[PDB]
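Q: Data: coords-v3.cif, mmCIF, C-alpha atoms.
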data_coords
loop_
_atom_site.label_atom_id
_atom_site.label_comp_id
_atom_site.auth_asym_id
_atom_site.auth_seq_id
_atom_site.Cartn_x
_atom_site.Cartn_y
_atom_site.Cartn_z
CA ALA A 1 29.24 105.54 -75.12
CA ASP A 2 28.27 109.18 -74.57
CA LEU A 3 29.38 112.71 -75.46
CA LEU A 4 29.00 115.79 -73.27
CA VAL A 5 30.47 118.09 -75.92
CA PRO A 6 34.18 117.63 -75.03
CA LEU A 7 34.92 120.44 -77.49
CA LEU A 8 33.87 123.18 -75.06
CA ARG A 9 35.11 121.07 -72.15
CA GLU A 10 38.70 121.21 -73.34
CA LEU A 11 37.94 124.74 -74.54
CA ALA A 12 37.09 126.03 -71.06
CA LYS A 13 40.62 124.94 -70.17
CA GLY A 14 41.84 127.66 -72.53
CA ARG A 15 44.71 125.61 -73.92
CA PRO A 16 46.00 124.85 -77.47
CA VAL A 17 43.79 122.02 -78.69
CA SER A 18 44.66 120.48 -82.06
CA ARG A 19 42.54 118.10 -84.15
CA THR A 20 44.63 115.08 -83.17
CA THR A 21 43.94 116.01 -79.57
CA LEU A 22 40.30 116.84 -80.16
CA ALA A 23 40.33 113.58 -82.07
CA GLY A 24 42.43 111.90 -79.43
CA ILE A 25 40.14 113.27 -76.76
CA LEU A 26 36.97 112.36 -78.58
CA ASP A 27 38.61 109.04 -79.30
CA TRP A 28 37.33 109.75 -82.77
CA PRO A 29 39.14 109.81 -86.15
CA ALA A 30 40.69 113.12 -87.23
CA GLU A 31 38.19 113.07 -90.11
CA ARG A 32 35.17 113.21 -87.83
CA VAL A 33 36.71 116.16 -86.08
CA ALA A 34 37.53 117.65 -89.46
CA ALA A 35 33.94 117.22 -90.59
CA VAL A 36 32.96 119.40 -87.63
CA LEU A 37 35.29 122.26 -88.57
CA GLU A 38 34.51 121.56 -92.24
CA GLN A 39 31.44 123.75 -91.66
CA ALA A 40 33.03 126.12 -89.15
CA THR A 41 35.02 128.60 -91.17
CA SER A 42 33.96 131.57 -89.03
CA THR A 43 35.76 129.97 -86.08
CA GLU A 44 38.98 131.74 -85.10
CA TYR A 45 42.19 129.76 -85.59
CA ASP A 46 45.66 130.33 -84.13
CA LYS A 47 49.28 129.53 -85.01
CA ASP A 48 49.08 126.67 -87.52
CA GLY A 49 45.30 126.48 -87.47
CA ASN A 50 44.33 125.12 -84.06
CA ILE A 51 41.16 125.92 -82.13
CA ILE A 52 41.72 129.18 -80.25
CA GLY A 53 38.45 128.74 -78.40
CA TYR A 54 36.53 131.71 -77.04
CA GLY A 55 37.44 135.32 -76.32
CA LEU A 56 34.38 137.50 -76.83
CA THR A 57 36.22 140.80 -77.24
CA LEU A 58 39.88 141.86 -77.41
CA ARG A 59 39.69 143.18 -73.84
CA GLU A 60 38.27 146.67 -74.32
CA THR A 61 34.78 146.68 -72.78
CA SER A 62 33.13 147.28 -69.42
CA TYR A 63 31.47 143.88 -68.94
CA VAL A 64 34.02 141.55 -67.33
CA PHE A 65 33.59 137.81 -66.85
CA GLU A 66 36.01 135.96 -64.56
CA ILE A 67 35.95 132.15 -64.46
CA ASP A 68 38.22 129.74 -62.58
CA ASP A 69 41.36 131.62 -63.56
CA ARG A 70 40.59 133.26 -66.88
CA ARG A 71 39.48 136.88 -67.17
CA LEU A 72 36.96 137.35 -69.99
CA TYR A 73 35.28 140.39 -71.52
CA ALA A 74 31.99 141.13 -73.24
CA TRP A 75 29.98 143.73 -75.14
CA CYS A 76 26.89 143.16 -73.01
CA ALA A 77 25.95 141.62 -69.65
CA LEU A 78 25.16 138.46 -71.63
CA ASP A 79 28.25 138.20 -73.86
CA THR A 80 30.20 137.78 -70.61
CA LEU A 81 28.61 134.36 -70.11
CA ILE A 82 26.99 131.69 -72.28
CA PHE A 83 26.48 128.48 -70.32
CA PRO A 84 27.59 128.55 -66.63
CA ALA A 85 25.83 125.26 -65.90
CA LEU A 86 27.76 123.67 -68.78
CA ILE A 87 31.08 124.89 -67.35
CA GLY A 88 30.81 123.17 -64.04
CA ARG A 89 32.32 125.99 -62.01
CA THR A 90 31.68 129.52 -60.73
CA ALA A 91 31.75 132.63 -62.91
CA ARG A 92 32.38 136.11 -61.54
CA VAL A 93 30.53 138.72 -63.53
CA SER A 94 31.18 142.45 -63.28
CA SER A 95 29.17 145.28 -64.79
CA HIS A 96 28.64 149.05 -64.51
CA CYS A 97 25.31 150.89 -64.34
CA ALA A 98 24.49 152.71 -67.58
CA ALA A 99 22.94 155.48 -65.49
CA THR A 100 24.64 155.62 -62.12
CA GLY A 101 27.84 154.00 -63.33
CA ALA A 102 27.96 152.05 -60.09
CA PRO A 103 30.20 148.95 -60.07
CA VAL A 104 27.87 145.99 -60.24
CA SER A 105 28.99 142.40 -59.90
CA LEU A 106 27.34 139.02 -59.72
CA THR A 107 28.59 135.48 -59.31
CA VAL A 108 27.19 133.04 -61.86
CA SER A 109 27.36 129.43 -60.71
CA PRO A 110 26.13 126.21 -62.38
CA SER A 111 23.18 126.17 -59.96
CA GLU A 112 22.66 129.85 -59.05
CA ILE A 113 24.37 133.04 -57.90
CA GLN A 114 26.63 133.40 -54.85
CA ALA A 115 27.66 137.02 -54.86
CA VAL A 116 25.15 139.73 -55.63
CA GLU A 117 26.41 143.30 -55.26
CA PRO A 118 24.68 145.57 -54.88
CA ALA A 119 21.98 143.42 -53.27
CA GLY A 120 19.26 144.41 -55.69
CA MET A 121 20.90 145.04 -59.07
CA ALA A 122 18.73 145.06 -62.21
CA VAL A 123 19.31 143.89 -65.77
CA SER A 124 18.20 145.48 -69.04
CA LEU A 125 17.13 143.78 -72.27
CA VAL A 126 15.63 144.64 -75.66
CA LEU A 127 12.61 143.44 -77.63
CA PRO A 128 12.91 141.40 -80.87
CA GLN A 129 12.52 143.47 -84.04
CA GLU A 130 11.69 142.29 -87.56
CA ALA A 131 11.62 145.56 -89.51
CA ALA A 132 15.17 146.91 -89.38
CA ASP A 133 18.08 147.09 -91.82
CA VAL A 134 20.79 144.43 -92.00
CA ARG A 135 23.89 144.72 -89.80
CA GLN A 136 23.14 143.61 -86.24
CA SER A 137 19.71 144.83 -85.12
CA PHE A 138 20.81 144.83 -81.48
CA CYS A 139 22.52 141.43 -81.38
CA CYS A 140 22.59 141.85 -77.60
CA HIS A 141 22.24 145.35 -76.13
CA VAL A 142 22.14 143.77 -72.67
CA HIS A 143 23.12 146.15 -69.87
CA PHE A 144 22.87 146.09 -66.09
CA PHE A 145 21.52 148.64 -63.65
CA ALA A 146 22.58 149.14 -60.03
CA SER A 147 18.94 148.49 -59.15
CA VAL A 148 15.32 148.27 -60.34
CA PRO A 149 14.59 151.95 -59.51
CA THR A 150 17.66 153.07 -61.37
CA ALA A 151 17.02 150.49 -64.01
CA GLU A 152 13.47 151.74 -64.14
CA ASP A 153 14.60 155.31 -63.41
CA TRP A 154 17.16 155.44 -66.17
CA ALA A 155 14.68 153.35 -68.12
CA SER A 156 12.14 156.14 -67.93
CA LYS A 157 14.56 158.32 -69.87
CA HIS A 158 15.51 155.38 -72.06
CA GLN A 159 12.19 154.88 -73.86
CA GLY A 160 11.49 155.11 -77.58
CA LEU A 161 14.09 152.50 -78.45
CA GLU A 162 13.26 149.12 -79.99
CA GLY A 163 11.23 148.08 -76.97
CA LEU A 164 13.81 147.84 -74.19
CA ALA A 165 12.73 146.23 -70.92
CA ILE A 166 14.09 145.99 -67.38
CA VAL A 167 14.42 142.91 -65.18
CA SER A 168 15.84 141.50 -61.98
CA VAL A 169 19.10 139.60 -62.31
CA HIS A 170 17.13 136.93 -60.46
CA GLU A 171 14.56 136.65 -63.23
CA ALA A 172 17.28 137.24 -65.83
CA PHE A 173 18.82 133.90 -64.85
CA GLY A 174 15.51 132.13 -65.34
CA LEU A 175 14.94 133.70 -68.73
CA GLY A 176 18.55 133.06 -69.59
CA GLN A 177 18.36 129.55 -68.18
CA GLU A 178 15.18 128.81 -70.15
CA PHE A 179 16.83 129.73 -73.46
CA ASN A 180 18.50 126.31 -73.29
CA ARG A 181 15.25 124.47 -74.00
CA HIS A 182 14.65 126.92 -76.84
CA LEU A 183 18.07 126.34 -78.39
CA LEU A 184 17.98 122.61 -77.63
CA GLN A 185 15.27 122.32 -80.28
CA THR A 186 16.85 121.26 -83.58
CA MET A 187 14.11 122.97 -85.60
CA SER A 188 10.57 124.32 -85.30
CA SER A 189 8.87 125.04 -81.97
CA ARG A 190 5.50 123.39 -81.32
CA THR A 191 3.99 124.35 -77.97
CA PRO A 192 2.43 127.86 -77.79
#
The structure given in the file should be rewritten as structure tokens.

A:
Amino acid sequence: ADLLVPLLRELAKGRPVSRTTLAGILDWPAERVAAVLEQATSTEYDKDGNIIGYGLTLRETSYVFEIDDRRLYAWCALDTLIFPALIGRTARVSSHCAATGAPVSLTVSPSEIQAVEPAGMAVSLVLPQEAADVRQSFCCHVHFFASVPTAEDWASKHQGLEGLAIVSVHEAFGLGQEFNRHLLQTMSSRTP
């Protein structure tokens, strides 16, 4: 009697999943499934109203995310992925340096990386702001840099923005892997 979030499990398959199937898969009544979508109106439907799943962007960006046998796209180095460890397979990630334009690519696996090119690429992130208008406020703004010198080089001429910080794709996986514990919390955060 357990549940490892079959929703995304069947989702990763990228196949038409109806409520009777989500229900049939969850071995739960179509009403329980319904209750779930009853609060998910923002979710994208397809055809008669089935769960389309993911998609990120309508294929028109630079950040590419390949997994198993499904080519995905993103608006930032992050949007490409979300939970590699939850997938249970490898995820090929491709990016381009915002300064050198070099073709960067990394392999995101459920345990670590297995294809870093170039061997020394760097990632870029932004600092949290709480004094900006309403629209997005840099929902992501996550880019990659061919390396730390370029990341830091291009970074030098990329100051003034809302913080903006550079990092090693190696440390980016630890900061990205730690977010889980942060999101896992239902509410509040007692520790610091």

Q: For stretch 156-168 of chain A, list every protein, DNA or RNA residue within 12 Å, evaluated using all atoms listed in the file, and leave out those in the same chain fewer than 5 positions away; present the list as a VMD selection string.

A: chain A and resid 98 to 99 106 116 119 to 132 137 to 138 140 to 151 173 to 176

Q: Measuring atom to atom with only C-alpha atoms, identify which of A:5, A:113, A:23, A:36 is nearest to residue A:92.

A: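 Checking each of A:5, A:113, A:23, A:36 against residue A:92, counting only C-alpha atoms, the winner is A:113.
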
Q: Just want the 9 Å neighbourhood of residue A:87, counted on only C-alpha atoms, with same-chain residues fewer than 3 positions away dropped. Output as a PyMOL selection string.

A: chain A and resi 8-9+12+83-84+90-91+109-110

Q: I'd like the neighbourhood of stretch 13-19 of chain A as a PyMOL selection string, where a residue qualifies if any of its atoms comes within 10 Å (using only C-alpha atoms), though same-chain residues fewer than 2 positions away should be ignored.

A: chain A and resi 7-11+21-26+28-34+37+46-55+68-70+87

Q: Determine, counting all atoms listed in the file, every residue of protein, DNA or RNA that lies within 8 Å of (32.2, 148.3, -67.6) in the file coordinates, then give the result as a ChimeraX atom specification.

A: /A:61-64,94-96,103

Q: One decimal, in Å: what's the spacing between atom CA of residue A:93 and atom CA of residue A:108?

A: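 Separation of atom CA of residue A:93 and atom CA of residue A:108: 6.8 Å.
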
Q: Given all atoms listed in the file as the basis, pick out the residue of A:117, A:2, A:153, A:112 nearest to residue A:85.

A: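 The closest residue to residue A:85 is A:112.
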
Q: Could you state the separation of atom CA of residue A:81 and atom CA of residue A:105 in Å, given to one decimal place?

A: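 Interatomic distance, atom CA of residue A:81 to atom CA of residue A:105: 13.0 Å.
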
Q: Figure out the distance between atom CA of residue A:78 and atom CA of residue A:65, please, to one decimal in Å.

A: 9.7 Å

Q: For residue A:58, find every residue with an atom within 10 Å (counting all atoms listed in the file), except residues of its own chain fewer than 4 positions away, and show them as a ChimeraX atom specification.

A: /A:72-74
